[PDB]
Each structure stands twice: as structure tokens, then as C-alpha cells.
Amino acid sequence: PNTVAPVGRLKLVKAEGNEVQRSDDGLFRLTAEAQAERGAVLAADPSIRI
Amino acid sequence: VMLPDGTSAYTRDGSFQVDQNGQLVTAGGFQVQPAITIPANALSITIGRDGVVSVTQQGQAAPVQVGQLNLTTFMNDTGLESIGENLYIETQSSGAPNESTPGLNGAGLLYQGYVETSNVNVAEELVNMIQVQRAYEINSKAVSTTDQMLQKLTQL
Amino acid sequence: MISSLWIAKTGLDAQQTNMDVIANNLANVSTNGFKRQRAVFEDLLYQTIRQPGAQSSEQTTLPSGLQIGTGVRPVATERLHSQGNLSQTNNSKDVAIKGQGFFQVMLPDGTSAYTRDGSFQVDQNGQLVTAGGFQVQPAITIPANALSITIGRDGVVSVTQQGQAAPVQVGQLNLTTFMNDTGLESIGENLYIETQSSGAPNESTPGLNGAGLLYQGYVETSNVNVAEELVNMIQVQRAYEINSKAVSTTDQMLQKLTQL
Amino acid sequence: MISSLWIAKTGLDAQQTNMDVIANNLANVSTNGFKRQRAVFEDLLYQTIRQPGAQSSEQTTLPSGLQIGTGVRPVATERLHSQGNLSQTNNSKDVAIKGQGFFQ
Amino acid sequence: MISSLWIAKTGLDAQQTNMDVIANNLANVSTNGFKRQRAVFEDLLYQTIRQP
Amino acid sequence: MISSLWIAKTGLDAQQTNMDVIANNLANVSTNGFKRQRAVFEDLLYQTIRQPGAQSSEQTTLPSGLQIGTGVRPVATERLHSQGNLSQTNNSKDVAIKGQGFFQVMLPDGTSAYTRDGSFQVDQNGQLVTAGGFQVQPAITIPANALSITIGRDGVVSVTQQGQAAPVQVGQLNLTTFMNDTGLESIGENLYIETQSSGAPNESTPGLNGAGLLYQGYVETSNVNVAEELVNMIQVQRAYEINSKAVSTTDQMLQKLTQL
Amino acid sequence: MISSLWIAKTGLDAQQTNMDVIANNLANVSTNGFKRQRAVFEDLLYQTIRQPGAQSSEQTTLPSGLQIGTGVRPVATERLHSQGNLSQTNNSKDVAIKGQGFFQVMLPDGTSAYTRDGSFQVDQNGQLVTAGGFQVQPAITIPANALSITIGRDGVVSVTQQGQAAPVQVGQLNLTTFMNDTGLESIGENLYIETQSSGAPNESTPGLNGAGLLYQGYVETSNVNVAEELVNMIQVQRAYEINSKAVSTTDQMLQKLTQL
Amino acid sequence: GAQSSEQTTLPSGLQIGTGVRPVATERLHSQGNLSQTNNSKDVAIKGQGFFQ
Amino acid sequence: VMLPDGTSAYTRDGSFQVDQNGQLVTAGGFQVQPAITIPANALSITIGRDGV
Amino acid sequence: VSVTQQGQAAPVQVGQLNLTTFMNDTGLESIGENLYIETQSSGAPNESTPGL
Amino acid sequence: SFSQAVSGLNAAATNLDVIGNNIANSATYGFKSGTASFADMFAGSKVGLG
Amino acid sequence: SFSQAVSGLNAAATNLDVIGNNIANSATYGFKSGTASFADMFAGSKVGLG
């Protein structure tokens, strides 16, 4: 068990209801207005805990 | 203690036995580190306060030193991983196993002829069983109340 | 069907094993050259759940995570090979060991067993046998009209004949010593057979190489100390009672689950 | 019905046999030419469980496995054929033995 | 009820017989032409649990 | 989960601690230079709820308002440093203390420990050591051909050699006195070490400003009074009974709430 | 399974050891050249809990913290080396020592033991031997044609032959003395062997630098005192019974708890 | 012992058993200890015979 | 474990028996690979920590 | 927080465990993992030495 | 600790046997008295056997 | 009371041994008789030690 080492970090984002839209396959994606202001890809929020 | 695969585990159960080639091993057969080999001409084995193992052979009026019992001290004892048969392996929360002589560098002493027993307090466990049982009976009632509320809701 | 039930069942079995060892020790108080037994217990498996030492944050670690243990199991039974108190039976045929040696006898199958019991008899052929009729090795044969048998401290067996002022030697009682005396396999009848964990049989005379000295007319009583057994009976009874209470608590928990 | 109960039952029987031997020795104090009895016991069978010396890993053996034993059994009752004290009754017909012979 | 109890009771009765014989011998010291008694005992039955 | 159960659990633990102290005191009856221990308890926290002394009404205050207490906890175990009765063992090396001093020994680690037990022996080199082999300081060296060792009331150790009418002084036994004698840390083995609550070790001659007088051929037995221990055992058993009854009563109450 | 049970299970064992020592001393009340034993005890572990002297506040220390202790352990049984009373049994082969020396005897295996028993015999070859048949050193042969044996206060053995007015010196008996007489290892048969705690065997002549004097026709009896052993039995029996009562009280306490 | 497969057999199949029954009550015909009742009419057997 | 058709399946049920030609089999009768054959004069079978 | 070192009759001071006190403790935000974070209704976290 | 005391009892019985035999032969020409000698049975020190 | 009484028992035994030694040396030229002197062993003044 001494071998345990970090490998990668999950990307955790913060988005409200008014910014995301459910695509046809059930996966949420950024709406047009919200995407235009927050950019194409959402930057990971360091304050998100899982 | 040295495991068959070669990785070292750590134990506090001090019941040892001599195997067929001498050698002090744990009751499960794993050899204790470091090596003590006890010859056949031994009459009595004495393990001193500082872990020195002396063996008295017939004729000799002076005991012969055989080996040293080295104690491994961790800085975070509770972080060890319990691997089962009275053995703990080091983890990232209990790194740097420090070999030391017993009595030095904060290490403990050795008493021969005595074994450390379990520290389980019995009354605490019984009161805790009482608390656990009644708690599992109050959570089950909460489940039943939620079930009844759902049944009444979906019935209309 | 529930973890606590299996754990408490293992605890009950371990305490029953302890009581079995206690009863075996108590039933053999009068047995000559008997060694008391002790049970050694170990923890069972440990469910890992959370890994202790895992990375909780980028610069913090998880100290001592969630390890859930299983019950208990006995590791092994170890004897206390120590010198028992001697008893004078005033018999020329009874020999006692003062050190750490064994008598070697021959089983009817031809293989050799080892016994510390010194209650010997003489068969119709005159060979020194044990109480069960197994022949000591070597065949310490005895002449027809012996008046007295003298077994010295070093295993020399002599017979005093009539009209002869010098005793005649009819054998040499030897002792076998092992690297590990606890590794000998008990077969009953106060007999121990060789195993691979008991080293090798080192044949030697009484007084050299560590082997013990022989006393004629004495028997080596059992080393069972009663007071320890009584306190251990109290311990076993109370631990069994606690584990039965735990089983009962699990039963009530499961019953409450069933009612809902 | 349980192993420890059988072991204790055997121990009780062995001690009762020892008491009978002692009582028989006491009842024959006044008998002439009586040799006292002594009972010898042996330890009974062993339930093996883990075999002592069984190879646990590829190289390490298991020392002194779980040899749970059964009770005890008496092997034999042996007489002590030793010369008792001679008593003078001053009778022309009473005879006493000095050695290790028997009348036929 | 128990073999030991029967054996010990038998031994008691035998020693009581010996005491009675001694008392009768002592009571007739002054009698003329008296011959004093002596009791002879024997071992009772021997159960063969294991045949020698 | 319920307050009364925690309070009764604390009471049970305190009574078990008291019984442990009693058993430790009774186990050391035959130990020389032993002092019996007594545990002292304090009640736990008090829940505030209604602050007493508050204004019950514009012109009046609440007298002794509603305080809810928690269980009990043990503060400390104090020794009773009193002179045990002397026993004559008629040995030239046994030394007993009549007053309030301690002997000083050196542990193998180089530190200094303090013991009141005076059962002394001599090693293979001649120095006066205790039963555990620890060297009494200040080092007292007994020479090879000693005929009698005399230890006086003031701590002088003299050896009378052959043919010499005068005795040869070979050391001087001093006693160490501490301001707080109960504050020493007992490490077992009849040994106490200095802590910061036990002041500082003041060396003094045995007969001076308050060190005790040394008696040769005497040993100081333990001060354990056994009848008091039996009565206290009765008391502890009854208190544990009552606390267990409180636990059982709380158990019965929660059952009715579960049934609700 | 509970602390007080272990502590009272150590008390029982220590008192049983004390009874064993007393019984062994009383059994050997008549053996010549016997030294009686004395068992010494010491405190076991002391669980720290609240550390004594711990800094509770920044200026107030905690005096004599919660030091819950474990039971008792015996260090050893030490031999009380004192001069037993001499008895005049008027035989030329019995010699008694007046000081603190030992006779040297050669064991069959080639090593040397040391005995204070003076009952000497002569074997068939004419050598002085111990009653157990072990030959004395440095070998004192006695001719067949011996009329009287004279062993003086200096250990000189002289034999007067027939019709000769002058005695013939046949050897010189020497005494071995040790730095520590207690550390010798007793091997039975009134024999002690050298241990590293007993220093080295210093051979000396009887009257010089510290060997004792030899008296012919005298036997050194044991130093066991019967009345003191009786009183010690009465006190050990009471202590054992009281510790058993502690065991019983713990058993009763554990009963109520489980029943709850 | 039935053929579980084309080349294998079924070891120790499913046997469900019923309870327990008493077979027989046997007597231990051994020699009991003797008691002396001081009676000219009472007789005791030493071996393995019966009165008819 | 070797299926009747010859392909290998995998099990965690550790309740094993031995059939009439030696050989370790499962409770259903399927033979376990590798092939472990216990002899007839066996007095005790020990399965070690490392599968020996 | 003081610790005992071997041979050192005196304890070594390691640190002070300070307690943070809020004015309206009931206004704290419980974030889950047994932690409270300050909320505008529970502002002004005042560190203090316990007891003072 | 029972065998240890039993051994002492046996030794005392042997001593008394010797004393009684010596007394019974108070007037017996050519009789030489007997004396019993005892030795302890220490096993490995620290424990007695009788 | 079992250590204060033992002390008195031992003192009486010592006195009786001295008396017996005086008696045994009734006919011994140049012998001087012996006597024993005893003193109490008080501690505090409320606790006697024998």
C-alpha cells in the first residue's frame, strides 16, 4: 500500500440551471448565451468537493 | 516479521516458536526480523531488557549472545494497514519504519514470559450494542413512516 | 446473512475451542509426563473499503481509513515443554527425566514414537516395554532371575544376579532430543511422532549434549497448574456469554428488519 | 453432546477409577500377602485440524498446529510386588516369604 | 451407589470384625483353657475391565 | 443516543477503574516498598439550560435554576506515602527506611530512577545493586574478601576484613527527598522517576533535615490494609450493580418508544 | 478479558509462587548444607492515562495523574546464605564449614560443581566422594590399610597406617569462594554450578583470605526456621484467599453487565 | 455417483434425511460389587450364570 | 474450472470435493484445473497459504 | 499540547489549540463533511485561547 | 506445590522409619545404626521440586 | 497486627534461644551468660511497628 500515488484529477465544473441545456442524448451542454460569456470549455472550479 | 513474498510486516503478538532449523518465528511460521538461531545444546533462552538473546549451553559458565530483538517504531501508529493475521503493514500514513533497540529512541521495553493481551473494554462494547440496536430500531421506524406516507400519497 | 452474526459465530467457536483445551488440560491431571496446551488466536480478514493512505486532497492523505474486520480463528496449539514435578513411586521400573529428553519406543508398525512417560514394565520375554506394551529402543532385555535393576543417571541399566558380586550390564537407556519439541505430533497414548517441524531425532546419552538425567524410582507428573485453568474457565464462560449476547442483539436487529 | 463435556466426563471417570483403586487398597490393609494396586492413565486421541508441520507457504512450515485433544483413559492397574513387613504370630503352620516366590 | 463406597463399607465391616475379635480376646483373659481367636481376610472379586 | 445512557456508561467506567485500582493494590501485598493507591473522581459537565440568578421577573430572580449534569470521570490516583511496618529478614544487605527518603539507582539508559525498596544484592564485580540488577548510586563497591557488611543509621557502609580490628568504609548511602512525593511517575519495577510536579531531587544524609533512618536487616512491607480493600470491594460491586440497573432501565424505556 | 481479572490472575500466581517457596523450604528442613529461598516481587506495568505532571493550563501542572497499574511479577527466588547450626554426629568422614566457602566437586561430564554438604564417603577405589558418588577435588585418595582419618582445621587430610606413630598426609582440601554466592545455579543433589553473576571461582585455603574453617565430625544443618514458615503460610493463605475473592467479585460484576 | 456430464460423475449428491429413532436398549451384564448382609440364605454369583 | 464442452469457467465457491479417481472437483462435479490428485492412503490433506 | 520525551523530566511544549468563536453560531453554513463555513449571518470569526 | 510437600512428608517418614529401626535394635549384638541423608531436587533454580 | 505480632514472636524466640544457650553452657569454664535487650520501633507516635 505504500505504492499509492496520484494519477489524474477529475474535471469538476460549476453551472447553474439557467446556463445548461439538456441535449438529445441526455447530456447537458452550455447554452448559447452562457457559452458566449463563459467560453467554449468550462474551467474547473477548485472549490467543488465530491 | 518477514513474509514469504519478502515484504516485512509488523506484529505486537509476542508468542514465538523455534522452527525445525532453530530460528525464532511467529506462531504462523513467519520468521521474525532480525535473525535469531538457537542451537540444539541450549538449556534455557533468556531475552534481556534491551532485546539481547543469550543462550546457555552445558559446561559453559558464561551465556553466549545469539541475536538482537529490534523494535520497529512508527511515528503514526494508527495509520498502519491491518493485513489480517495479527500483522500490520506500513502505508503512506505510517511511513519511515525506524528500527531501534528496545528502550532507546522512545521504543518500549521487553518483558519475557509475559504476553500483551487485548485492550478491549467490555462494558463499553455492551453499552454500544444497546445504543446501536435501539438506533437501528429508530431508523427502521423512520423507514416505515416514510413508506406509509408514500403509500398514502400514491393511493389517491 | 449479516456480517455481525458470522463474526460472533467465529467468536463463539474460538471460545469453545478454548474451553476444549481447558477440559483436555483438566482431564489429564493424573497423567504422567503430560504437557499443558495453549491456544493462539489471530484476527480474520479485514475488509478494506477506504484505502488507508489514499490521496484525499492534493496535499493531504487519508489517515487510517475504514478497515472492517472479520471474526477470530485459532492459530495453533502450543505445549509448555517444561520440567514437571517429580513423584516417588518407589518402583525399580519407573524412570523420570530431569532435563529435555525423550524415550524412543517402537510401534507395532515398525516406526518409532517418542514418549516422556517413564512407567515401564517387563514383558514375558523380559524386554522393557511401556504400560501399553510398546518395546523401548534398544531392547533393554532383562535376564531370567533378576534380583534388582539399577538404572544410573547416565542411562546404564545393570542387573544384580545371585552369587555374583559384580552387576552385569544388560543395556543402555538413551534419550532422543529434538530441535523443536513443540512440533512433535501427539498421537495419544502419551506418544509423539516425528514431523518436519520438529527437526531431527538426535540420539544421545543422559548427561551430554543437553539431554536430561534419568532418576530411578521417580515419575514425571503433569505440569498442569489448576488455578490458571480455573481463572481461564471463568474467562471462557464470560467471553462466551458476551458473544452469545452479541448474537442475540443481531437476532433482534434482524427481526426488527423483518417486521417493518 | 459437546466435545468439552465428553472430555470432562472421561476425566471424571478416570478420577473415579483412581478413587476405587485407593478404596481397594484401603480395604485390604489387614490382608496377608496383599500387594497394593496403582492405576496408570494415558491421554486419548487428538483432533487434528491444522496438521503440525504442514507446509503453509512454499518454504515456511507451520509449527505446532491445532492439536485439540480428547480426554484420558486408564491403561493398567499394576501391583507393587514388594516385601511387606513380617509379623511374628509364633504359629507352627504360618509361613512367610522372604524373596519373590509363590506358593502353588 | 458408588463402587468406592461399597468397597470402603466392606473394609469398615472387616475392621469392625477385627475389633470384635480383639475385644472378645481381651474379655476372656481370666478364663481357664481358652484359645484366643485370630481373623483371616482375603481379597474380594476382581473385575476384569482389560484382561491382563 | 440518549443522555442517561451516556451518564450511566461513565459511571460504570468509573466503578471499573475503582475496581482496577483495588485489584492492583491487592496484587502487590507481598511487594516490599509498595504504596497503596486511591482514585479520586470528579463529576462531568453541567448543561446550562436556564442560567440561575437570571431575572425570573422584573423584580425577582431565579434561585438555583435548571442545571443538568453529565456523568463522572476520575481525576487522579494518589499514593499514600506512609511508613509500612518493618519486617526482619535477618540479612546484612536488606535495608529499610524509617522516614521519608528514597534510594537512587541508575537505569541502563543513563537516567536516574528512585526506589524505596531496599532488597539489595551484589553483582559479579562487587557493586551494590537492586533485585533488577540496577546499580544503586552513589556507587558502593564491596571488595572481594568481605566478612560482614555494616550499614549504620546515617548511611555509612563499612566492610570488616580479616585480621583488622577496624572496619573499612567503602561508600556512603544517601537518600533523596522530593517536595511533592506523590507526584513521581511510577514506571513499575518499584521505580519512580522525577516529574515537573514532583519538584527537584534533594540529596540528604539519612538522619539529617528529614531523610529517614536506614535499618539493616529490615524490609519495608506494603502499607495495603486488606480489610479496607474487602469493604471497598463490596462497595464497588454494589455501585456497579446500581449503574448496570440504570443502564437496563434506560434500555427498557427506549424499547417502548421503538414500539410506539 | 477485563483488567481487574488479569491483575487478580497475577496476584494468584504470585501467591502460589510464595506458597511453593514455603513448601519447598519446609520439605528440605533436614537436608544438610541447605540454603532456604526467598521470593521477591515487583510491580508490573502502570498505564499512563492522564500523565502525572502534565501541563493542564499554561501555569498549573496536574499532580499525580491517573496512573492505573497492572498486577505483580516475581523477580526471583534468592538463596539466604547464612551459617546453619553445626551438629556433632561424631564421624571422621563428616566435615562442616564455619565460614562462607564451598567444596569443589568434579561432575561426570568434566565440569566442576560446588557443594557445602560435608557428608563424604569413600568409593571402592579409595577416593573421597560426595554421597551422590561424585568425586571431590583436587582428589584425596585414602589407602585401603587406613586406621583413622584426620581432617584438620586447615583442610589437611591425614591417614594413620598400622603400627606407625606418625600420620601420612594424603592431600589438602581447599575451599572455593565467590563474589556473589546467590548467583550460583542450583542443579539439585545439593550441588551449585558457577554462573556469570557469581563472578569467578576463587580457590583458597581454609583460614586465609576468606575461606571458612573445617570442623571434623560435624555436619552443617539447614537454616530453615519452622515457625517463620508457619506464620508465612498463614499470611500467604490469607492473601491468596483475598485475591480469589477479588476474582469472584470481578466475576459477579461481569455477570450483571452481560445479563442487562 | 450419477453421470453429471458425458465424462464426469456426481460426487456426494443431495441426501435429505429424516430424524432419529431408538434401535434397542441393551443391558450391561457385568459383575456388580458384593455386599455382605450377614445372612445364611443370601447367595451371590461370581461369574456369568443365572438362577433358575 | 473445466466445463463439459472443454472451455474454462471461473468460480469463487470454495466448497470442493474429491471424486472416485482421485482429483479435486466442485460441488457440481466439474473438475478444477490445474489437476490436483489426492492419493488413497492420505491421512490428512493440508491446503497451504500459497495454494500448495 | 505537551509531549513527554525519554529521559526529560520535563514536557516539551508543542502548540496551542485555539478555538474560533462566532457571534450567531446558528447562522453557520453546514457544508457536509462535518464542517461549518462562515455565513453573513455568522460573521466575525474570533480566534481565542480556550478559556478566555 | 503438592508434590513438594509430599516429598517432605516421605522424607520425614523415612527418617522416622530409620529411628524406629534403630530403637528396636537397642539390644542386638553386632548392630550398627542407620542414618538417612537427604538432597534437594532443584530443576533449574528459581523453582523447587522437593 | 500481623507484623507487630510477628516482631514480638521473633523477640520472644530470640530471648528463649539466649536462655537455652545460657542453660547449655552451665558447665563451661570461662563462659559468660548472655541477656537480650529489646526496644520499641515507634514511627509517628500513633503508629507502632513492633
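Positions of Cβ are backbone-derived with ideal geometry, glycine not excepted, and every protein chain shown enters the neighbour counts. Where a number appears in this text, it was derived from the coordinates with a stated rule and is not lab data.
Quick notes on this one:
- In a DSSP loop and with at most 13 other Cβ atoms within 10 Å, the trypsin sites (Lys or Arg not before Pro) in segment C:35-127 are C:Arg50.
- Long-range amide H partners of B:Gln20 with built H, under 5 Å: C:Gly199
- From the largest down, chain E spans 54, 25, 9 angstrom on the principal axes of its Cα atoms.
- For residues of C:53-60, the mean tally of beta carbons on other chains within 10 Å: 4
- Taking only alpha carbon atoms, segment F:115-236 gives an Rg to Rh ratio of 1.06, where Rh is the Kirkwood radius.
- The mean number of partner chain beta-carbon atoms within 10 angstrom of a residue's beta-carbon across peptide B:60-70 is 2.
- Over segment C:59-128 - Rg/Rh using Cα atoms and the Kirkwood inverse-distance radius: 1.40
- Whole-Å semi-axes of chain C's equivalent ellipsoid (Cα gyration tensor): 54, 21, 15
- Oblate is the label for segment C:1-91, because the ratio a/c of its alpha-carbon gyration tensor axes (a ≥ b ≥ c) is 1.5 or higher and a/b is not greater than b/c.
- Of B:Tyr88, B:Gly48, B:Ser140, farthest towards positive along the dipole that unit charges on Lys, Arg, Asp, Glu beta carbons give chain B: B:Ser140
- The Cα atoms of chain D give a gyration tensor whose axes a ≥ b ≥ c have a/c of 1.5 or more with a/b greater than b/c, which makes the shape prolate.
- Within chain A, the longest run free of exposed loop sites, counting trypsin sites (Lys or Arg not before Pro) that sit outside DSSP helix and strand states (H, G, I, E, B) and have at most 15 other Cβ atoms within 10 Å, spans A:15-48.
- Protection-proxy order for peptides F:5-11, G:147-153, each taking the mean of Cβ atoms within 10 Å per residue, highest first: F:5-11, G:147-153
- Relative contact order %, segment F:137-216, counting alpha carbon pairs below 8 Å whose residues are six or more apart: 29
- Inter-chain Cβ neighbour average for residues J:7-15, partner chain, 10 Å: 4
- At q = 0.11, 0.21 Å⁻¹, base-10 log of I(q)/I(0) for segment G:186-260 (Debye sum, equal scatterers on each alpha carbon): -0.67, -1.08
- DSSP-assigned coil residues among chymotrypsin sites (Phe, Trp or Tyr not before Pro) in chain K, each with at most 14 further Cβ atoms within 10 Å: K:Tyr29, K:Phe31
- For segment C:2-49, the gyration tensor built on C-alpha atoms gives an oblate shape. Its axis ratio a/c (a ≥ b ≥ c) is at least 1.5, and a/b is not larger than b/c.
- Sparse-neighbourhood loop sites, trypsin sites (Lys or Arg not before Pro) in chain E - DSSP loop, at most 14 other Cβ within 10 angstrom: E:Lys35, E:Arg36, E:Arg38, E:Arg50
- Angle between chain C longest axis and helix C:3-27 axis [Cα atoms, degrees, rounded to 10]: 20
- Debye log10 I(q)/I(0) at q = 0.07 Å⁻¹ for the protein assembly as shown, Cα point scatterers: -1.02
- Candidates G:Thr17, G:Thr89, G:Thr48: whichever shows maximal mean-square fluctuation once chain G is modelled as a Gaussian network with Cα springs under 10 Å: G:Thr48
- With θ taken as phi - 60° and the Karplus curve 6.51 cos²θ - 1.76 cosθ + 1.60 applied, the whole-hertz 3J(HN,Hα) list for segment F:151-158 is 10, x, 5, 9, x, 8, 9, 10 Hz, x standing for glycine and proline.
- Amide H within-cut-off set for B:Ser44, under 5 Å, with H built and near neighbours excluded: B:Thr56
- Fewest neighbouring Cβ atoms within 10 Å first, the residues I:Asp19, F:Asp43, D:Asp43 line up as F:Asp43, I:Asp19, D:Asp43.
- As a length-normalised measure over Cα pairs under 8 Å and 6 or more apart, the relative contact order of segment C:52-149 settles at 17 percent.
- Dividing the mean sequence gap of close Cα pairs (under 8 Å, 6+ apart) by how many residues chain A holds gives a relative contact order of 40 percent.
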